[PDB]
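Shown here: target-v9.txt, compact mmCIF, N, CA, C and O atoms.
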```
# COMPACT_ATOMS: atom_id res chain seq x y z
N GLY H 1 -13.51 3.85 20.81
CA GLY H 1 -14.30 3.26 21.88
C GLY H 1 -15.73 3.00 21.47
O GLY H 1 -15.99 2.29 20.50
N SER H 2 -16.67 3.58 22.21
CA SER H 2 -18.09 3.40 21.92
C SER H 2 -18.62 4.55 21.08
O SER H 2 -18.32 5.72 21.33
N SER H 3 -19.41 4.22 20.07
CA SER H 3 -19.98 5.22 19.17
C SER H 3 -21.35 5.68 19.67
O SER H 3 -21.62 6.87 19.79
N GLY H 4 -22.22 4.71 19.97
CA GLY H 4 -23.55 5.03 20.45
C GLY H 4 -24.17 3.90 21.24
O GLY H 4 -23.69 2.76 21.18
N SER H 5 -25.23 4.20 21.98
CA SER H 5 -25.91 3.20 22.79
C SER H 5 -27.18 2.71 22.10
O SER H 5 -28.02 3.51 21.69
N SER H 6 -27.31 1.40 21.98
CA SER H 6 -28.48 0.80 21.33
C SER H 6 -29.71 0.93 22.22
O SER H 6 -30.73 1.49 21.82
N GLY H 7 -29.61 0.39 23.44
CA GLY H 7 -30.72 0.45 24.37
C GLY H 7 -30.34 1.09 25.69
O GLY H 7 -29.42 1.90 25.76
N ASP H 8 -31.05 0.71 26.75
CA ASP H 8 -30.78 1.25 28.08
C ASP H 8 -31.04 0.20 29.15
O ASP H 8 -32.16 -0.29 29.31
N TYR H 9 -29.99 -0.16 29.89
CA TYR H 9 -30.10 -1.16 30.95
C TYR H 9 -30.53 -0.51 32.26
O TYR H 9 -30.06 0.57 32.62
N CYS H 10 -31.42 -1.19 32.98
CA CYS H 10 -31.91 -0.68 34.26
C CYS H 10 -31.91 -1.78 35.31
O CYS H 10 -32.43 -2.87 35.10
N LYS H 11 -31.30 -1.48 36.46
CA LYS H 11 -31.22 -2.44 37.55
C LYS H 11 -32.45 -2.35 38.45
O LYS H 11 -32.82 -1.27 38.90
N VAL H 12 -33.08 -3.49 38.71
CA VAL H 12 -34.27 -3.54 39.56
C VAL H 12 -33.89 -3.64 41.03
O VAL H 12 -33.23 -4.60 41.44
N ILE H 13 -34.31 -2.66 41.82
CA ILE H 13 -34.01 -2.64 43.24
C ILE H 13 -35.28 -2.81 44.07
O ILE H 13 -35.24 -3.27 45.21
N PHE H 14 -36.42 -2.45 43.48
CA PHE H 14 -37.70 -2.56 44.16
C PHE H 14 -38.58 -3.61 43.49
O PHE H 14 -38.83 -3.57 42.29
N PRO H 15 -39.07 -4.57 44.29
CA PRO H 15 -39.93 -5.65 43.80
C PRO H 15 -41.31 -5.15 43.40
O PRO H 15 -41.95 -4.41 44.14
N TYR H 16 -41.77 -5.57 42.22
CA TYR H 16 -43.07 -5.16 41.72
C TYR H 16 -43.88 -6.37 41.26
O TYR H 16 -43.32 -7.42 40.95
N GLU H 17 -45.20 -6.21 41.22
CA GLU H 17 -46.09 -7.29 40.80
C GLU H 17 -47.07 -6.80 39.74
O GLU H 17 -48.03 -6.10 40.06
N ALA H 18 -46.83 -7.18 38.49
CA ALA H 18 -47.70 -6.78 37.39
C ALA H 18 -49.14 -7.25 37.63
O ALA H 18 -49.39 -8.43 37.83
N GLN H 19 -50.07 -6.30 37.61
CA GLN H 19 -51.48 -6.61 37.83
C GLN H 19 -52.09 -7.25 36.59
O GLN H 19 -52.83 -8.23 36.68
N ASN H 20 -51.78 -6.69 35.42
CA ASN H 20 -52.30 -7.20 34.16
C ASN H 20 -51.16 -7.53 33.20
O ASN H 20 -50.02 -7.13 33.41
N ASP H 21 -51.49 -8.26 32.14
CA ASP H 21 -50.50 -8.64 31.14
C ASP H 21 -49.61 -7.46 30.77
O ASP H 21 -48.39 -7.57 30.72
N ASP H 22 -50.24 -6.31 30.51
CA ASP H 22 -49.51 -5.11 30.15
C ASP H 22 -48.33 -4.88 31.09
O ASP H 22 -47.21 -4.64 30.66
N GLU H 23 -48.60 -4.95 32.39
CA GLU H 23 -47.57 -4.75 33.40
C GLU H 23 -46.61 -5.93 33.44
O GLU H 23 -47.02 -7.09 33.28
N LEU H 24 -45.33 -5.65 33.66
CA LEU H 24 -44.31 -6.69 33.72
C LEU H 24 -43.91 -6.97 35.17
O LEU H 24 -43.84 -6.06 35.99
N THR H 25 -43.65 -8.24 35.47
CA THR H 25 -43.25 -8.64 36.81
C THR H 25 -41.73 -8.61 36.97
O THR H 25 -41.01 -9.34 36.29
N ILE H 26 -41.26 -7.75 37.86
CA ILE H 26 -39.82 -7.62 38.11
C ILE H 26 -39.50 -7.82 39.59
O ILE H 26 -40.28 -7.44 40.46
N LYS H 27 -38.34 -8.42 39.86
CA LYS H 27 -37.91 -8.67 41.23
C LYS H 27 -36.64 -7.89 41.55
O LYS H 27 -35.99 -7.36 40.65
N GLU H 28 -36.29 -7.83 42.83
CA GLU H 28 -35.10 -7.12 43.27
C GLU H 28 -33.84 -7.92 42.95
O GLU H 28 -33.66 -9.04 43.44
N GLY H 29 -32.97 -7.35 42.12
CA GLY H 29 -31.75 -8.02 41.74
C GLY H 29 -31.78 -8.53 40.32
O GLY H 29 -31.20 -9.58 40.01
N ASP H 30 -32.45 -7.79 39.44
CA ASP H 30 -32.55 -8.18 38.04
C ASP H 30 -32.51 -6.95 37.13
O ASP H 30 -33.03 -5.89 37.48
N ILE H 31 -31.88 -7.10 35.97
CA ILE H 31 -31.78 -6.00 35.02
C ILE H 31 -32.77 -6.17 33.87
O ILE H 31 -32.94 -7.26 33.34
N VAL H 32 -33.42 -5.07 33.49
CA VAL H 32 -34.39 -5.09 32.41
C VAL H 32 -33.99 -4.14 31.29
O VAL H 32 -33.75 -2.95 31.53
N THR H 33 -33.92 -4.65 30.07
CA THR H 33 -33.55 -3.85 28.91
C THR H 33 -34.69 -2.92 28.50
O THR H 33 -35.76 -3.38 28.09
N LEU H 34 -34.46 -1.62 28.61
CA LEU H 34 -35.47 -0.63 28.24
C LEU H 34 -35.77 -0.68 26.75
O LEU H 34 -34.92 -0.37 25.92
N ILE H 35 -36.99 -1.08 26.41
CA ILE H 35 -37.41 -1.18 25.02
C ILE H 35 -37.77 0.20 24.46
O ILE H 35 -37.17 0.66 23.50
N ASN H 36 -38.76 0.84 25.08
CA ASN H 36 -39.20 2.16 24.64
C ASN H 36 -39.46 3.07 25.84
O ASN H 36 -39.94 2.62 26.88
N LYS H 37 -39.14 4.35 25.69
CA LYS H 37 -39.34 5.32 26.75
C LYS H 37 -40.82 5.67 26.90
O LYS H 37 -41.63 5.37 26.02
N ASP H 38 -41.16 6.30 28.02
CA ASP H 38 -42.54 6.69 28.28
C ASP H 38 -42.77 8.16 27.93
O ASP H 38 -41.82 8.93 27.82
N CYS H 39 -44.03 8.54 27.76
CA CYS H 39 -44.38 9.91 27.42
C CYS H 39 -43.73 10.89 28.39
O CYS H 39 -43.29 10.51 29.47
N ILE H 40 -43.68 12.16 28.00
CA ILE H 40 -43.09 13.19 28.83
C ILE H 40 -43.30 12.90 30.31
O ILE H 40 -42.47 13.25 31.15
N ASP H 41 -44.41 12.24 30.63
CA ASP H 41 -44.73 11.89 32.00
C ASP H 41 -43.78 10.82 32.53
O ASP H 41 -43.65 9.75 31.93
N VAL H 42 -43.13 11.11 33.65
CA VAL H 42 -42.19 10.17 34.25
C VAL H 42 -42.90 9.24 35.23
O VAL H 42 -43.94 9.59 35.79
N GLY H 43 -42.33 8.06 35.42
CA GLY H 43 -42.92 7.09 36.33
C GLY H 43 -43.30 5.80 35.64
O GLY H 43 -43.52 4.78 36.29
N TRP H 44 -43.38 5.84 34.31
CA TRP H 44 -43.74 4.67 33.53
C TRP H 44 -42.67 4.36 32.48
O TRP H 44 -42.05 5.27 31.93
N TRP H 45 -42.46 3.08 32.22
CA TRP H 45 -41.46 2.65 31.24
C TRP H 45 -41.72 1.22 30.79
O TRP H 45 -42.33 0.43 31.51
N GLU H 46 -41.26 0.89 29.58
CA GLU H 46 -41.44 -0.45 29.04
C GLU H 46 -40.10 -1.14 28.82
O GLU H 46 -39.17 -0.55 28.28
N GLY H 47 -40.01 -2.39 29.26
CA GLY H 47 -38.77 -3.14 29.10
C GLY H 47 -39.02 -4.62 28.85
O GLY H 47 -40.15 -5.09 28.97
N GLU H 48 -37.96 -5.34 28.50
CA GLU H 48 -38.07 -6.77 28.23
C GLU H 48 -37.39 -7.58 29.32
O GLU H 48 -36.22 -7.36 29.64
N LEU H 49 -38.13 -8.52 29.90
CA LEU H 49 -37.60 -9.37 30.96
C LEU H 49 -38.15 -10.79 30.85
O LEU H 49 -39.37 -10.99 30.80
N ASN H 50 -37.26 -11.77 30.82
CA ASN H 50 -37.66 -13.17 30.72
C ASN H 50 -38.52 -13.40 29.48
O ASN H 50 -39.53 -14.11 29.54
N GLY H 51 -38.13 -12.80 28.37
CA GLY H 51 -38.88 -12.95 27.14
C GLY H 51 -40.30 -12.43 27.25
O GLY H 51 -41.25 -13.13 26.90
N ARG H 52 -40.44 -11.21 27.76
CA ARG H 52 -41.75 -10.60 27.92
C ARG H 52 -41.71 -9.11 27.61
O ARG H 52 -40.64 -8.50 27.61
N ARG H 53 -42.87 -8.53 27.34
CA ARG H 53 -42.96 -7.11 27.03
C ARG H 53 -44.13 -6.46 27.76
O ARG H 53 -45.29 -6.70 27.44
N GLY H 54 -43.81 -5.64 28.76
CA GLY H 54 -44.85 -4.97 29.53
C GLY H 54 -44.35 -3.70 30.19
O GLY H 54 -43.14 -3.46 30.26
N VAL H 55 -45.28 -2.88 30.66
CA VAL H 55 -44.93 -1.62 31.32
C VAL H 55 -44.58 -1.85 32.78
O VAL H 55 -44.90 -2.89 33.36
N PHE H 56 -43.91 -0.86 33.38
CA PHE H 56 -43.52 -0.95 34.78
C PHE H 56 -43.20 0.43 35.35
O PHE H 56 -42.81 1.35 34.62
N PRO H 57 -43.37 0.58 36.67
CA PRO H 57 -43.10 1.85 37.36
C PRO H 57 -41.62 2.18 37.41
O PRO H 57 -40.86 1.55 38.14
N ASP H 58 -41.21 3.18 36.63
CA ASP H 58 -39.81 3.60 36.59
C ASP H 58 -39.25 3.75 38.00
O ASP H 58 -38.17 3.25 38.30
N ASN H 59 -40.00 4.44 38.86
CA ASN H 59 -39.57 4.66 40.23
C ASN H 59 -39.01 3.37 40.84
O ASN H 59 -37.95 3.38 41.46
N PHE H 60 -39.73 2.27 40.65
CA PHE H 60 -39.31 0.98 41.18
C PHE H 60 -37.91 0.62 40.69
O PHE H 60 -37.10 0.06 41.43
N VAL H 61 -37.63 0.95 39.43
CA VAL H 61 -36.33 0.66 38.83
C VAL H 61 -35.48 1.92 38.75
O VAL H 61 -35.92 3.01 39.12
N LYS H 62 -34.25 1.77 38.27
CA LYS H 62 -33.33 2.89 38.14
C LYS H 62 -32.48 2.76 36.87
O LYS H 62 -32.29 1.66 36.35
N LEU H 63 -31.98 3.88 36.38
CA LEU H 63 -31.16 3.89 35.18
C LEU H 63 -29.68 3.74 35.53
O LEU H 63 -29.14 4.49 36.34
N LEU H 64 -29.03 2.76 34.91
CA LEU H 64 -27.61 2.51 35.16
C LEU H 64 -26.74 3.40 34.27
O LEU H 64 -26.94 3.46 33.06
N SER H 65 -25.78 4.07 34.88
CA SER H 65 -24.87 4.95 34.15
C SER H 65 -23.83 4.15 33.38
O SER H 65 -23.63 4.35 32.19
N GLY H 66 -23.17 3.23 34.08
CA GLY H 66 -22.15 2.41 33.45
C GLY H 66 -21.39 1.56 34.45
O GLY H 66 -21.16 1.96 35.59
N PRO H 67 -20.99 0.35 34.02
CA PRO H 67 -20.25 -0.59 34.87
C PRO H 67 -18.83 -0.11 35.16
O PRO H 67 -18.05 0.13 34.24
N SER H 68 -18.51 0.03 36.44
CA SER H 68 -17.18 0.48 36.85
C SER H 68 -16.28 -0.71 37.18
O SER H 68 -15.16 -0.81 36.69
N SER H 69 -16.79 -1.61 38.02
CA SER H 69 -16.03 -2.79 38.42
C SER H 69 -16.80 -4.06 38.09
O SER H 69 -17.97 -4.02 37.72
N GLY H 70 -16.12 -5.20 38.21
CA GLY H 70 -16.75 -6.48 37.92
C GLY H 70 -15.77 -7.63 37.94
O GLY H 70 -16.02 -8.68 37.36
```

Take the structure from the file and write it as structure tokens.
Amino acid sequence: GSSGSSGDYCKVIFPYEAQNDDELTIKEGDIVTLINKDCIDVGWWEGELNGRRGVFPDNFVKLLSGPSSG
């Protein structure tokens, strides 16, 4: 089956508005590929969306365990 996971997919449920370039703009109903994790401190994370690279509030998003149906 599966050997290992390359990245981490996260489903966006809460709409956010990036204030600065650093911050990424995400809407409700979109998945963002987690690029790099945040420091021991939770609440921040970096992902790629629409060919962009910026930070975002983890709380706003969530970690997907795995696709069951489709």

I need the residue nearest residue 51 (chain H) from this list: H:20, H:6, H:68, H:25. Use only C-alpha atoms for the distance.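 Distance minimum relative to residue 51 (chain H) lands on H:25.
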
Name the residues of chain H that come out as strand (DSSP E) in a backbone DSSP run; write them as an MDAnalysis selection string. chainID H and resid 8:12 30:36 44:48 53:57 61:63

Can those selected residues be exported to a file as a short mmCIF file (atom, residue, chain, number, x, y, z; two decimals), keeping the file's coordinate frame so that it contains N, CA, C and O atoms?
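Resulting contents of out.cif:
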```cif
data_model
loop_
_atom_site.label_atom_id
_atom_site.label_comp_id
_atom_site.auth_asym_id
_atom_site.auth_seq_id
_atom_site.Cartn_x
_atom_site.Cartn_y
_atom_site.Cartn_z
N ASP H 8 -31.05 0.71 26.75
CA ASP H 8 -30.78 1.25 28.08
C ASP H 8 -31.04 0.20 29.15
O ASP H 8 -32.16 -0.29 29.31
N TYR H 9 -29.99 -0.16 29.89
CA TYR H 9 -30.10 -1.16 30.95
C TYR H 9 -30.53 -0.51 32.26
O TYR H 9 -30.06 0.57 32.62
N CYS H 10 -31.42 -1.19 32.98
CA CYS H 10 -31.91 -0.68 34.26
C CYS H 10 -31.91 -1.78 35.31
O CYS H 10 -32.43 -2.87 35.10
N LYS H 11 -31.30 -1.48 36.46
CA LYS H 11 -31.22 -2.44 37.55
C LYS H 11 -32.45 -2.35 38.45
O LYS H 11 -32.82 -1.27 38.90
N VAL H 12 -33.08 -3.49 38.71
CA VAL H 12 -34.27 -3.54 39.56
C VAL H 12 -33.89 -3.64 41.03
O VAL H 12 -33.23 -4.60 41.44
N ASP H 30 -32.45 -7.79 39.44
CA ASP H 30 -32.55 -8.18 38.04
C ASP H 30 -32.51 -6.95 37.13
O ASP H 30 -33.03 -5.89 37.48
N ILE H 31 -31.88 -7.10 35.97
CA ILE H 31 -31.78 -6.00 35.02
C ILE H 31 -32.77 -6.17 33.87
O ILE H 31 -32.94 -7.26 33.34
N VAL H 32 -33.42 -5.07 33.49
CA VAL H 32 -34.39 -5.09 32.41
C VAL H 32 -33.99 -4.14 31.29
O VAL H 32 -33.75 -2.95 31.53
N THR H 33 -33.92 -4.65 30.07
CA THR H 33 -33.55 -3.85 28.91
C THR H 33 -34.69 -2.92 28.50
O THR H 33 -35.76 -3.38 28.09
N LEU H 34 -34.46 -1.62 28.61
CA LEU H 34 -35.47 -0.63 28.24
C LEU H 34 -35.77 -0.68 26.75
O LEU H 34 -34.92 -0.37 25.92
N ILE H 35 -36.99 -1.08 26.41
CA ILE H 35 -37.41 -1.18 25.02
C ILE H 35 -37.77 0.20 24.46
O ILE H 35 -37.17 0.66 23.50
N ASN H 36 -38.76 0.84 25.08
CA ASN H 36 -39.20 2.16 24.64
C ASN H 36 -39.46 3.07 25.84
O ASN H 36 -39.94 2.62 26.88
N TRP H 44 -43.38 5.84 34.31
CA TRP H 44 -43.74 4.67 33.53
C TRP H 44 -42.67 4.36 32.48
O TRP H 44 -42.05 5.27 31.93
N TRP H 45 -42.46 3.08 32.22
CA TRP H 45 -41.46 2.65 31.24
C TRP H 45 -41.72 1.22 30.79
O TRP H 45 -42.33 0.43 31.51
N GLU H 46 -41.26 0.89 29.58
CA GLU H 46 -41.44 -0.45 29.04
C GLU H 46 -40.10 -1.14 28.82
O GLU H 46 -39.17 -0.55 28.28
N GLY H 47 -40.01 -2.39 29.26
CA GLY H 47 -38.77 -3.14 29.10
C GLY H 47 -39.02 -4.62 28.85
O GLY H 47 -40.15 -5.09 28.97
N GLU H 48 -37.96 -5.34 28.50
CA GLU H 48 -38.07 -6.77 28.23
C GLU H 48 -37.39 -7.58 29.32
O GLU H 48 -36.22 -7.36 29.64
N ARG H 53 -42.87 -8.53 27.34
CA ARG H 53 -42.96 -7.11 27.03
C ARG H 53 -44.13 -6.46 27.76
O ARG H 53 -45.29 -6.70 27.44
N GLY H 54 -43.81 -5.64 28.76
CA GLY H 54 -44.85 -4.97 29.53
C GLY H 54 -44.35 -3.70 30.19
O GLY H 54 -43.14 -3.46 30.26
N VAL H 55 -45.28 -2.88 30.66
CA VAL H 55 -44.93 -1.62 31.32
C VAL H 55 -44.58 -1.85 32.78
O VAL H 55 -44.90 -2.89 33.36
N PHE H 56 -43.91 -0.86 33.38
CA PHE H 56 -43.52 -0.95 34.78
C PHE H 56 -43.20 0.43 35.35
O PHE H 56 -42.81 1.35 34.62
N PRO H 57 -43.37 0.58 36.67
CA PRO H 57 -43.10 1.85 37.36
C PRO H 57 -41.62 2.18 37.41
O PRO H 57 -40.86 1.55 38.14
N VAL H 61 -37.63 0.95 39.43
CA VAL H 61 -36.33 0.66 38.83
C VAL H 61 -35.48 1.92 38.75
O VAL H 61 -35.92 3.01 39.12
N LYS H 62 -34.25 1.77 38.27
CA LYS H 62 -33.33 2.89 38.14
C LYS H 62 -32.48 2.76 36.87
O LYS H 62 -32.29 1.66 36.35
N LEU H 63 -31.98 3.88 36.38
CA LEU H 63 -31.16 3.89 35.18
C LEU H 63 -29.68 3.74 35.53
O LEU H 63 -29.14 4.49 36.34
#
```

Just need the box for region 38-53 of chain H, edges along x, y and z, holding every atom the file lists for it with 8 Å tacked onto each side, so centre and edge lengths in Å to one decimal, as JSON.
```
{"center_x": -40.8, "center_y": -0.4, "center_z": 31.6, "size_x": 25.1, "size_y": 43.4, "size_z": 25.4}
```

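Residue nearest residue 55 (chain H) within the list H:43, H:4, H:15, H:67: H:43 [criterion: smallest interatomic distance, only N, CA, C and O atoms].
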
Would you kindly return, as a compact mmCIF listing (two decimals) with N, CA, C and O atoms, in the coordinates of the input, each protein, DNA or RNA residue with an atom no farther than 7 Å from any atom of residue 30 (chain H), considering only N, CA, C and O atoms and excluding same-chain residues fewer than 4 positions away?
```txt
# COMPACT_ATOMS: atom_id res chain seq x y z
N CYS H 10 -31.42 -1.19 32.98
CA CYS H 10 -31.91 -0.68 34.26
C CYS H 10 -31.91 -1.78 35.31
O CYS H 10 -32.43 -2.87 35.10
N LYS H 11 -31.30 -1.48 36.46
CA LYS H 11 -31.22 -2.44 37.55
C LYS H 11 -32.45 -2.35 38.45
O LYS H 11 -32.82 -1.27 38.90
N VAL H 12 -33.08 -3.49 38.71
CA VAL H 12 -34.27 -3.54 39.56
C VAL H 12 -33.89 -3.64 41.03
O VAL H 12 -33.23 -4.60 41.44
N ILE H 13 -34.31 -2.66 41.82
CA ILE H 13 -34.01 -2.64 43.24
C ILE H 13 -35.28 -2.81 44.07
O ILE H 13 -35.24 -3.27 45.21
```

Residue nearest residue 62 (chain H) among H:32, H:24, H:7, H:16 (counting only N, CA, C and O atoms):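 Between H:32, H:24, H:7, H:16, the residue approaching residue 62 (chain H) most closely is H:32.
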
Any idea what's packed within 4.5 Å of residue 34 (chain H), counting all atoms listed in the file, ignoring anything in its chain fewer than 4 positions away? Could you give it as JSON, numbers by chain? {"H": [8, 46, 47]}

Would you compute the distance between CA of residue 3 (chain H) and CA of residue 45 (chain H)? Give it in Å to one decimal.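 That distance, rounded to one decimal, is 24.8 Å.
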